[PDB]
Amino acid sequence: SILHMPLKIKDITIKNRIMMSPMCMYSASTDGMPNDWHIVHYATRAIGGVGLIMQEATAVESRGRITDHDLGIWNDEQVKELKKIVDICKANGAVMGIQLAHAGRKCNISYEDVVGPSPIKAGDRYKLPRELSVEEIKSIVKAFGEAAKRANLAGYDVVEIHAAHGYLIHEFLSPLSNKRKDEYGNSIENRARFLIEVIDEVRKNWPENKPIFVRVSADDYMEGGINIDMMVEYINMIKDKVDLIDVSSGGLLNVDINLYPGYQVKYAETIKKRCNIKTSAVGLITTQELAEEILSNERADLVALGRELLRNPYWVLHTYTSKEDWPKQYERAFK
């Protein structure tokens, strides 16, 4: 299958075109530490043949968590435990990525110091974020840098910056959530400033021969918000510094979105073609047939699976046509 073709990014070779999409498991301690549940969860998909396993949103600071059972990477105790996930996944043949995250105004922890670019709620049930000063923005940029340094020490192959799903970076990017009148707002180049700064600081702390991905929401589905043309502008500002755009949509504010298989694929194809950068497609993809169409029609370079890999962790194994492709221990099960 075309799904089985390796993809080389910098010095990292992904053995096939399937990525496990980052999915929060809400299973960490309030200290943000992974446990044996995480280790088995990720190892299972590495055994299952996934080319690139993207770890769930991992907070760069405690107020950057979505919930108080999220993983974090703000200290060295977390690194020692995250290293266990990395080691077992790579031992079992996967490339290991980490999604560095900051929930911003969508932090749902009742007692946290919730922050954002502008004092506007994400929805009725959320807290009003306090407006970051330029000095505080600098400190969060530094936090993404330190997190990337820690991720390198844990042994991750790939780092992904979470700039999507209505979280902190997305809030700076959208005119609907960013009403600032300083150097971080108004003009498109100013709205991009925080993302650009984060990518720059991550590069200072991440080996030049390892890939950097960025996950984006390519559409807010609202007048005045991000749309595909606006996202193309942003990607053109950063594409010389990053390796692949992980293409998603939505999340800034509640909107009724038409859901169907491949509902985000046109965004992935548009970014790939107009920006000439690698992309990954994600969103209600469950069949080998659709994954093959996406890759063969050059709509994306990687196909990411989320919920399908929750219920069907050996999905990739099922696609193999020879028993020699299976884990040696399971080759008697090839059918």
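Note that residue numbering follows the sequence shown and begins at 1.
Of the two stretches examined, 98-106 and 74-82, the record assigns the greater average C-alpha temperature factor to 74-82.
61-69 and 41-49 differ in mean CA B-factor, and the higher of the two is recorded for 61-69. Within the group 258, 264, 178, 217, the record's highest C-alpha temperature factor is found at 258. Out of 131, 157, 160, 243, the entry records its largest CA B-factor for 131. Split the chain's modelled residues into thirds by C-alpha temperature factor. Residue 149 is in the middle one.
Remark: residue 36 belongs to the highest third of its chain, ranked by C-alpha B-factor as recorded. In the PDB entry, residue 203 places in the highest third of its chain by CA B-factor.
When the modelled residues of the chain are ordered by their C-alpha B factor, residue 323 lands in the highest third. Among the modelled residues of the chain, residue 269 sits in the middle third by CA temperature factor in this PDB entry.
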